[PDB]
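Asker: Turn this into a structure:
(10 chains)
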Amino acid sequence: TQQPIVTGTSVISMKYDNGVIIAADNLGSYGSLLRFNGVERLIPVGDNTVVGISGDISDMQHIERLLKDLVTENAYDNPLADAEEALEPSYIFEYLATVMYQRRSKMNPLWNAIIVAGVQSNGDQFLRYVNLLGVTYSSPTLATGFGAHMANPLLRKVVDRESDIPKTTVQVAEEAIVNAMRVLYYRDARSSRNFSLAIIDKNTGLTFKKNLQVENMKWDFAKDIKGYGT
Amino acid sequence: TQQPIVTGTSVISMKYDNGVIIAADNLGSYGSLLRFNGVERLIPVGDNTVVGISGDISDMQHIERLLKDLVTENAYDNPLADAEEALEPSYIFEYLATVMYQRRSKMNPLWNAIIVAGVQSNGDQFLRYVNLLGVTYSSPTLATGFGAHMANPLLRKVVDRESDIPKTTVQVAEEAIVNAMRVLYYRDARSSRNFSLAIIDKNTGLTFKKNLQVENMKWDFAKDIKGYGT
Amino acid sequence: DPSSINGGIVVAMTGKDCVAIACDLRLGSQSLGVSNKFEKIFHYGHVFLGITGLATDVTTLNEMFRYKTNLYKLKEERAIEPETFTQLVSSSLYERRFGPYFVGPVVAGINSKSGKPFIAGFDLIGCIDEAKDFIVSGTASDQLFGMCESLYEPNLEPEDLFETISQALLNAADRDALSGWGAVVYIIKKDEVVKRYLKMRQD
Amino acid sequence: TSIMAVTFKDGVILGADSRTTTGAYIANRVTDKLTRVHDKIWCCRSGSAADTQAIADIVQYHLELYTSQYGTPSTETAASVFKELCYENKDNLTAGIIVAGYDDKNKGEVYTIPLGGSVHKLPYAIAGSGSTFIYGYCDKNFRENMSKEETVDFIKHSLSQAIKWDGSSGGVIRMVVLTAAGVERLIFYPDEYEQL
Amino acid sequence: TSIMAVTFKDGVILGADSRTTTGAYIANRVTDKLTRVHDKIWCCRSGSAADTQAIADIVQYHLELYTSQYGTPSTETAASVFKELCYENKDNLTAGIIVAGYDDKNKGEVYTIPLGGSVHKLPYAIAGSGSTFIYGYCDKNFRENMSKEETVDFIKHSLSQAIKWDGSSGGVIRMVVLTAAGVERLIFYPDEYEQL
Amino acid sequence: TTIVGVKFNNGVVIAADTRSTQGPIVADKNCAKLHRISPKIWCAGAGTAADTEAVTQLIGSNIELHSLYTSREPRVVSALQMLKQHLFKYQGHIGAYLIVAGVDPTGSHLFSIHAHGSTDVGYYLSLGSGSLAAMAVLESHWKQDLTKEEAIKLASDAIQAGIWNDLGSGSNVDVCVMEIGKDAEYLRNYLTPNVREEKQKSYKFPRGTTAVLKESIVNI
Amino acid sequence: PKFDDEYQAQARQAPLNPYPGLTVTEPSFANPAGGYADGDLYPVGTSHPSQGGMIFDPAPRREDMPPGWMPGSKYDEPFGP
Amino acid sequence: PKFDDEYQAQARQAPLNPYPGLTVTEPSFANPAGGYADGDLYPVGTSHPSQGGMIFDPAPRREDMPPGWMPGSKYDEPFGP
Amino acid sequence: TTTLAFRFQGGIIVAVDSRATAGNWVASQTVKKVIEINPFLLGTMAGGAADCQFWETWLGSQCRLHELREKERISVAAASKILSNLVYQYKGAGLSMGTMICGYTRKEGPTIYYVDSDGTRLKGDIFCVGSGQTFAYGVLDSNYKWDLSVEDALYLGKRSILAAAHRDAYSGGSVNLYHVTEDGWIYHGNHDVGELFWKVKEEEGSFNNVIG
Amino acid sequence: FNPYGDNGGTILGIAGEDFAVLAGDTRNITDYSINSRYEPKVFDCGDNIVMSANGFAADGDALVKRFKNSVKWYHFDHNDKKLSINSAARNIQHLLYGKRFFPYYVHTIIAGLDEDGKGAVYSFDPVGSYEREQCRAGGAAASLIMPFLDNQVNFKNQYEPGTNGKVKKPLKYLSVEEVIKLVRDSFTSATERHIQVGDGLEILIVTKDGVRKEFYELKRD
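Answerer: Numbering: from 1, shown residues only, chains lettered A, B, ... in the order given. Find the structure here:
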């Protein structure tokens, strides 16, 4: 991919006391044309992992196929694959990061930014970022595209350091994610009203709330503007 | 003006035994968007002159205003202006050519190609071409844009040299012009079904047939084509 | 410009039953004239090949066609005919389509069986240009075209053919900056070949 | 941007979206793109914001002076001033403008001035990056002498589609209704025109 | 270009314009852009003609081999092959393709592969430079499970507007009706679809 | 170059002019532009002349080999397929634009091929710098089920329009008529409207006009 | 809005070598652009510190010509205008 | 399809003088065009015949910075990324 | 172009070729490359024909105004300074000039001033200008002497232009010679290279590499 | 914005004793399209002078109009006196060099009889630089036309037979009719080998009896 053509704008996620929350809108934009509205950019890879992908949609589908093949190959000659020696979030993220870096070094990058979120089998939350250049990092809150600027401050207000993770409950994190998605809808031209949200909890497993709606929009103040200047 | 934004494609004209016939489509195109279909690009400037203009539509309207001002200022302190010392086609063309060349020299060109067609008071047909560069020439048949390539051969098949003008009657020339419009509509992507036609005759004066339709289209052979190759 | 760096001229004409091929002798590098004896006319048996363009490619193709025509002569037991040589040259030039030699070659000769004069020209990449009257190549291509068109007429005798081709080359070279320093004219017949060096301006 | 003007039986309705963007960022989501150049003459800004605002202020100056010296201008006078200013500076300027107004002798009139600086009267006009997506809808749905409610619904549907498809268009749909009765501001919020 | 596939109650109707431009010149005004890649699978071509035709021939080869070795392919198999060819050569290729087909289990299916090389199932798809002008119309007029005649009229109106507004689209409107009964070629001439 | 193809009631007729120009200079006045791909498959090309010659020669050799292999008359679509695959392989760098017309057991065919490998079916086609002038006549006068005589007249007159109205096209008209039931008729210089103006004087010089430094006899 | 050239017949082509094949005219060879520490080797910082005649008169660049064009080869425009 | 930039916020500014005001670095003065007959005036046609040391470290281009940017001046991005 | 001018006991010898070229096409072979400012002042044009011809014709009018006002001839230094200043004020505008202002004045003796597009002005005893200047230098510097006889100086100038005409593609045509004397300038005629070359080869025996 | 073009025309001036001939084709061109078959580009300028401004057509028209204005003003001032060929040459030089840095891309030729009654041809470059010539071709087909005219009118590279290249052929005068024949043949060759020439040949003859115009057909393909 020398240039992206059809793109998904942003993915936002954060870790809370017992798991991680990840969300992304369902809109793939062809330039400024909001062309495709039914795109799913949260890719579950198990009961303990969800992969959020941004950037080129074709490369996103290629990466999704890679993840399906990862699971299929893991299942081979692995009688324990369903309970232990299953694919941890760390293995998925490391494979994806290796692939991304190899593509970058070959001057044929996958034009995506990927957030792999989940919980390790020992219960420790996993949340890492990787982009087309192979740059990877971890943080209590991660975001992509305009989320890295618009949404990420709002999430950081909730958990500004590792010490705040145990203090953060499911409801607080989910409300923060929904408010951040609403703000992104307000200010991001590439964003959409519909978005998917996935919650991976060390106790209750993966919950995947698809096609949610941005709600409680504030527009009634717009009536009091009558032009520029006078 | 450095680039044409909204443009009228082509104008064609030919001289017959008693006058000149000129036609132009009514479509102004914004790039490949056939945006404005009601544009009039034949500009009568008297009972003996009509000016056809191509290229930028805004510059065409500017030139039309210039012609209106010419007509207005010719009548000042000119008690004979309505029958002799009236504006000949030659005067209109010479003023337009001077203006066009001057604009060219100042590196601020009018992106138009102008065909001034008419009959002099002595009855001699006038038909000359001038473009943005100031290049001028006369011929029994003139065309602009794709007309210079598509239509002009068709008109030349009728009047190939000055010796053929007296042999060409009104009906023959009008049929040639209408066939040229049909061909240009077939093969010119910027062209339109609707076109205006003006006839200046040394005897019967200016006839101005507006909003004519392209007729007798041939499409019924298209049903047999089965794509590329097989 | 590789095709104009060294200059040089080649012109071929057909008589009634003879051909004449002539060339200028200047070799240079733009302004500076280097040598006055760079002969651009080569012969492989009874077929003559004149090559204008980058001098390195002229020498390289002279060597290549010497090799190929010698192998043809040996394994065929017969000299390569002008038509077959034209096809060979065209095929060899196109083999370098994307890396082409910067040369305008000009073939001239008489077919040994039919005795019919034959001439042909090419572009950098082997587009065969066969003509029945005359062929032209080099930096003075247009001057030579006009001069030959004005002077040439069909069925010239060898003497009148010599005069016509020599005058065309002389007057064409006198109007080309990168051409001159003498010329050589070959008058080719079914039984003999006459080589002549022309006196001309040395500037 | 998604500008639109539609003449109807009792006048002309001028409408626009409220989203302004700098690239992918929505720098202003409630902006008002309709400008009152005169009492019954309103223009809509498209293209460069700076050029359009400068042209609007110059035209307001010229039309105020015209009103003081020669009486009330018509929509045509306003659009002519727009045309001269845009054309004499067409190389520097990058503004396309729709001019709509109501005068009793002519009722509602609409002129559109595309980027080239030409003048066109039209029964209705659509401008902006979002207009490209509603050319077909507006062409097949426009009718002469619509009623006020029919025109409002038509503009609502057209701008709804333009907002749906264009990432550079969005926010509240604002309209100004020019009629003999007066000028009426209308505003329609996303939950109102998106559920059509 | 203006190509358009629309699923309906009995199957899918695929349609396109017949104009091919090279610059402003119309190098071919009666070209047929609908291509039969299999018995009940018809792709349609947008973008570079060379790229699209090469992809079509490669897909025909692959799907013929698939039919001979593994049984009849579905529309999904055909579009998947289009996906692999377009994506693994996306730097060289510039083709955007619509794949429409009829399967007894799935009935009519439509997949669109935009220039980027992704796959999307849609109830209806529009592509080509002329489709931009009918995004609003098709969105506001499409319905699930239309009848055959309703779908034909819908495609006719949509491509009529696309041809009206796009200079690079025109000529006759050809359609292929994929249904259990078979495949039906339809053709509508300018005097028919332009007077709608 | 002005090339046209015209399908008619029982075959196809392809015609071209003969002027060949390098830059603004007429290198050859009577260049033959119609090339055999087979006895009943003929083509004429534009763009890079050398590439057109090389590709048509290659395709003709391969097609004759395949005809001998299969013991069948070549199909026009076979030539189309092979030619466009070869053109595509180089991504347009061979720059050959062609109109290929022929007759085969499946009927009379007329195609065009572009340098990048795209092809089109057609009833009448034009190519070269004179493509628009010839296409104007073809649009104005083409009809369904032309007779052979009308087809030849129409193609010849379109080529004449290109000759008269285009600088890069002139001299004579070549025509080749392929008909379903019988052999192709190649009409070299079918029309010869551009005859040569006579010299005002014969400019032959008296023998001895040129100055010669050396004379020699060459052992060839 | 562009005009959707389907055949790529209007398709036109580091800067292109004006004379393909000859590497002596390749931009990367005519102007190699030195090395990362050339400024430390040579005190200056650099290792290395027209055809128009007497009478004024009014070839194409490959970058502005179709890919199939070869400078100095016989070329015929497939459609011209 | 490009996005709208109504404010021209992302609008970016012959080649540009790297350091405005100084004519000694002006492209038309640093590399003046030769005379139309310089080929006839001089034999070969021509009137005439780095940074970073041993350590590999890894300024803006005035042609892609906004018009208001002055090379070397203090500038704060108005809208951020 | 090739032009040369060298001072010697008998005055100045000015020699120039005649060829003018536009690319490979030789436009003309009879271009007069000496502009005759006044009966004692002589310009030698090279480079761009239009610039040199026009501006030295204008220099002639300036000279005429000078005699009319001050009743004494413009000095060679003064005329060359006027031309140098003028050409300098159009530096970077595209002027193409190479000029030797050769003249004789009672209070200056024989004098040559080299002037060119880039504003330079050089007083000197020998100058060669034009594309063929190096070839002319090769002969002048190897054969020049101050006390050459008038016939020998004329022949030296003719031979020096002939060498450059032979070796330089843009320097053919014919050799025009001028002798700037104490009482004016003497035009010693035009010599066509196509005959001068053979005459010189026969008489000197030089050009032994040239066939003939 | 490129403000220049090339309309593909050729002009030819030939001078001799008793006459001067200025011939040029009537073809007008833009790229590969024929604009008109008959657009004269050699003009009878009055005062027994003939002018042509071949090259870029718009600049040719502009320069011709400017020269007409200048010569008319010369008539206004100098009591309607006849303008000489050298005076016209200097006037055109000053017109051309007045736009040194935005030149008229036209190769001008003026032909006529000088003050001694002998034929004269002056030729200009786009910047000025007029040289009086015995013959001078110009335009698109100058390179085709001119070498043949050298060979025939001046007998360059021609030597008396039997002298073995030592005695040149003497340069005897060509009569006006012979010059017409040479011009016709040269333009026929230029038409036949150059695509921009072949519509029509117009010749203006200047002699003490006055200007005389003759027209001849060319191939026009």
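Asker: The nearest residue to residue J:49 once chain neighbours are set aside: what's it in contact with?
Answerer: Excluding the flanking residues, the one nearest residue J:49 by C-beta to C-beta, 6 or more residues apart in numbering or on different chains is residue J:112, at 4.1 Å. Placement of C-beta: from N, CA and C, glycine included. By C-beta atoms under 8 Å, 6 or more residues apart in numbering or on different chains, the contact list for residue J:112 reads J:20, J:47, J:48, J:49, J:50, J:85, J:88, J:119, J:120, J:206.
Asker: now residue A:46
Answerer: By C-beta under 8 Å, 6+ apart, the neighbours of residue A:46 are A:71, A:86, A:87, A:118, A:206.
Asker: redo that, cut-off 7 Å
Answerer: Contacts for residue A:46 (C-beta atoms under 7 Å, 6 or more residues apart in numbering or on different chains) come out as A:86, A:87.
Asker: One more: the one 10 residues further on?
Answerer: Applying C-beta under 7 Å, 6+ apart to residue A:56 gives the contacts A:1, A:4, A:5, A:6, A:7, A:111, A:112, E:116.
Asker: Residue F:153: how many residues sit nearby?
Answerer: Neighbour count for residue F:153, taken as other C-beta atoms under 10 Å in any protein chain shown: 15.
Asker: which SS state does it fall under?
Answerer: Classification of residue F:153 using DSSP: H, G, I helix; E, B strand; the rest coil returns helix.
Asker: Over to residue D:90?
Answerer: coil.
Asker: Report all helices and strands that the lengthiest helix in chain F contacts.
Answerer: Counting residues, the longest helix in chain F under DSSP state H turns out to be helix F:49-70. Judged by 3 or more C-beta pairs under 7 Å, 6 or more residues apart in numbering or on different chains; DSSP states H and E, helix F:49-70 is in contact with strand F:35-38, strand F:41-48, helix F:76-89, strand F:96-104.
Asker: which parts of that helix are buried?
Answerer: F:49-57, F:59-60, F:62-63, F:67 (16 or more other C-beta atoms under 10 Å in any protein chain shown).
Asker: Excluding chain neighbours, what is closest to residue D:171?
Answerer: residue D:18 (3.3 Å).
Asker: neighbours of the one you found, just the number please.
Answerer: When neighbours are counted by other C-beta under 10 Å, residue D:18 comes out with 24.
Asker: Report the buried residues of the helix or strand hosting residue I:77.
Answerer: Assigned by DSSP states H and E, residue I:77 belongs to helix I:76-89. Buried residues in helix I:76-89, counted by 16+ other C-beta under 10 Å: I:76, I:77, I:78, I:79, I:80, I:81, I:82, I:83, I:84, I:86, I:87.
Asker: Roughly how far does the last one sit from residue J:101?
Answerer: So that's residue I:87. 15 Å (C-beta to C-beta, to the nearest Å).
Asker: which residues does the closest residue to chain G within chain F contact?
Answerer: Going by C-beta to the nearest C-beta, chain G is nearest to residue F:95 of chain F, at 1.5 Å. Neighbour list for residue F:95: F:47, F:48, F:51, F:115, G:66, G:67, G:68, G:69 [criterion: C-beta under 7 Å, 6+ apart].
Asker: how many neighbours does the nearest residue to residue F:24 once chain neighbours are set aside have?
Answerer: Leaving aside its sequence neighbours, residue F:24 sits nearest to residue J:195 (C-beta to C-beta, 6+ apart; 5.3 Å). By the criterion of other C-beta under 10 Å, residue J:195 has 25 neighbours.
Asker: same check, this time on residue J:75
Answerer: For residue J:75, using other C-beta under 10 Å, the count is 15.
Asker: in chain J, which spans are strands?
Answerer: Along chain J, counting by DSSP state E, strands occupy J:10-16, J:19-25, J:28-30, J:33-36, J:42-44, J:49-55, J:106-113, J:119-125, J:128-133, J:135-139, J:200-206, J:212-217.
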